[PDB]
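This is upload39.cif (mmCIF, C-alpha atoms and all ligand atoms).
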```cif
data_input
#
loop_
_atom_site.label_atom_id
_atom_site.label_comp_id
_atom_site.auth_asym_id
_atom_site.auth_seq_id
_atom_site.Cartn_x
_atom_site.Cartn_y
_atom_site.Cartn_z
CA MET A 1 -10.43 11.71 -5.71
CA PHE A 2 -7.40 9.34 -5.66
CA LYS A 3 -4.60 8.21 -7.94
CA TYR A 4 -4.18 4.40 -8.11
CA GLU A 5 -1.02 2.51 -9.10
CA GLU A 6 0.11 -1.10 -9.48
CA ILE A 7 3.59 -1.70 -8.08
CA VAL A 8 5.36 -5.05 -8.45
CA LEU A 9 8.20 -5.89 -6.07
CA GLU A 10 10.56 -8.89 -5.87
CA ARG A 11 11.05 -10.07 -2.28
CA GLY A 12 14.63 -9.85 -0.95
CA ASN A 13 16.51 -11.61 1.86
CA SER A 14 15.19 -8.96 4.28
CA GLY A 15 11.71 -8.95 2.72
CA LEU A 16 10.09 -6.10 0.78
CA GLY A 17 11.90 -3.21 2.47
CA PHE A 18 9.01 -1.23 3.99
CA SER A 19 6.93 -0.91 7.17
CA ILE A 20 3.16 -0.62 7.44
CA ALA A 21 0.75 0.82 9.98
CA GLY A 22 -3.05 0.85 9.96
CA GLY A 23 -5.83 -1.72 10.08
CA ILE A 24 -9.33 -1.87 11.53
CA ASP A 25 -7.80 -2.37 14.99
CA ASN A 26 -4.95 0.09 14.40
CA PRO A 27 -6.13 3.21 12.61
CA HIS A 28 -3.45 5.48 11.10
CA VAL A 29 -5.91 8.36 11.20
CA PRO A 30 -9.44 8.61 12.66
CA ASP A 31 -12.07 6.38 11.04
CA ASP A 32 -9.77 5.09 8.29
CA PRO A 33 -9.05 1.35 8.50
CA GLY A 34 -6.46 1.47 5.67
CA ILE A 35 -2.95 0.01 5.55
CA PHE A 36 -0.42 2.80 5.11
CA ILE A 37 3.30 2.85 4.40
CA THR A 38 5.29 4.35 7.30
CA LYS A 39 8.91 3.67 6.29
CA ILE A 40 10.92 2.75 3.14
CA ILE A 41 14.28 1.01 3.90
CA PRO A 42 17.38 2.21 1.98
CA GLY A 43 18.67 -0.55 -0.30
CA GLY A 44 15.45 -2.56 0.04
CA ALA A 45 13.12 -3.69 -2.77
CA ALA A 46 10.57 -0.87 -2.30
CA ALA A 47 13.31 1.81 -2.29
CA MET A 48 15.11 0.39 -5.29
CA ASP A 49 11.84 0.09 -7.26
CA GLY A 50 11.22 3.78 -6.61
CA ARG A 51 7.40 3.89 -6.90
CA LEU A 52 6.17 3.43 -3.30
CA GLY A 53 5.99 6.42 -1.01
CA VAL A 54 5.39 7.08 2.67
CA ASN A 55 1.67 7.33 3.51
CA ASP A 56 0.64 5.50 0.33
CA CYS A 57 -2.35 3.31 1.14
CA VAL A 58 -2.04 -0.37 0.19
CA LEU A 59 -5.40 -1.79 -0.99
CA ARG A 60 -4.43 -5.18 -2.36
CA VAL A 61 -1.58 -7.65 -2.03
CA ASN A 62 -1.61 -10.07 -4.97
CA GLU A 63 -5.16 -11.50 -4.74
CA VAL A 64 -5.76 -10.39 -1.14
CA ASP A 65 -8.00 -7.38 -0.43
CA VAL A 66 -6.49 -5.40 2.48
CA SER A 67 -8.80 -2.36 2.24
CA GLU A 68 -10.41 -3.25 5.60
CA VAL A 69 -8.64 -5.94 7.61
CA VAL A 70 -6.97 -6.25 11.03
CA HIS A 71 -3.26 -5.30 11.04
CA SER A 72 -2.02 -8.91 11.41
CA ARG A 73 -3.98 -10.05 8.32
CA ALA A 74 -2.20 -7.40 6.21
CA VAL A 75 1.19 -8.43 7.62
CA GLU A 76 0.27 -12.05 6.90
CA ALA A 77 -0.74 -11.23 3.29
CA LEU A 78 2.57 -9.48 2.67
CA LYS A 79 4.59 -12.33 4.28
CA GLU A 80 2.92 -15.08 2.23
CA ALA A 81 2.59 -13.30 -1.14
CA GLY A 82 5.62 -15.14 -2.62
CA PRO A 83 8.68 -13.92 -4.55
CA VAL A 84 6.78 -11.37 -6.71
CA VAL A 85 4.36 -9.08 -4.90
CA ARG A 86 1.84 -7.01 -6.83
CA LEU A 87 0.61 -4.07 -4.74
CA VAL A 88 -2.40 -1.95 -5.60
CA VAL A 89 -1.92 1.41 -3.88
CA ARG A 90 -3.55 4.76 -3.79
CA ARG A 91 -2.39 8.25 -2.98
CA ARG A 92 -3.46 11.84 -3.48
CA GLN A 93 -4.54 12.87 -6.98
CA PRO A 94 -3.50 16.55 -7.58
CA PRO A 95 -6.34 18.83 -8.62
CA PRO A 96 -7.07 18.81 -12.36
CA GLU A 97 -6.53 21.84 -14.58
CA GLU A 98 -10.29 21.71 -15.32
CA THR A 99 -13.35 19.51 -14.73
CA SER A 100 -16.30 18.96 -17.05
CA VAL A 101 -19.62 19.36 -15.17
NA NA A 201 -9.61 -9.13 9.13
#
```
Rewritten as structure tokens:
Amino acid sequence: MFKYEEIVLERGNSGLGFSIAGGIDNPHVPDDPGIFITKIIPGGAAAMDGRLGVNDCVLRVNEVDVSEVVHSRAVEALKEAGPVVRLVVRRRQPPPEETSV
């Protein structure tokens, strides 16, 4: 399935230091409405924190669910989330060594 992670960033003078694509009206890939990271800015908060990666999917911004929203609503959430932004993200979970069935 997926690996989930909570990542907390402090906003800087140039924001959070990443770009997003995706949204119900802006799919990154077919039939996926998710918000995905497309760019991490050198010297920005995301880069300096080290945890976020390109093509991570952002599911939540503080208390705002962004799993299935229009692009502008995700941008809005990220803009208005305040000085400390808690991101719930997911990415690929590598196959396990074994699975109990
Ligand atoms: Na929406």
Surroundings of ligand NA 201 (chain A) up to 8 Å, based on only C-alpha atoms and all ligand atoms, as a list in words: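 Every residue with an atom at most 8 Å from ligand NA 201 (chain A) is listed here: residues 24, 68, 69, 70, 71, 72 and 73 of chain A.
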Atom pair CA of residue 63 in chain A / CA of residue 44 in chain A: separation (Å): 23.0 Å
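Among the candidate residues A:75, A:43, A:6, A:1, the one lying nearest to residue 88 in chain A is A:6, with distances computed using all atoms listed in the file.
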Using all atoms listed in the file, which of A:87, A:40, A:33, A:92 sits nearest residue 18 in chain A? A:40
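Across A:79, A:3, A:11, A:90, the tightest approach to residue 67 in chain A is made by A:90 when counting only C-alpha atoms.
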Figure out the distance between CA of residue 2 in chain A and CA of residue 94 in chain A, please, to one decimal in Å.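 Answer for the CA of residue 94 in chain A to CA of residue 2 in chain A separation: 8.4 Å.
You can rank A:89, A:47, A:64, A:101 by their closest distance to residue 77 in chain A using only C-alpha atoms, and at the top of that list sits A:64.
If you measure from each of A:22, A:82, A:53, A:95 to residue 41 in chain A using all atoms listed in the file, the closest one turns out to be A:53.
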Using all atoms listed in the file, can you tell me which of A:80, A:99, A:62, A:57 comes closest to residue 29 in chain A?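 Closest to residue 29 in chain A of all the choices is A:57.
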Length of the CA of residue 42 in chain A to CA of residue 17 in chain A vector [Å]: 7.7 Å
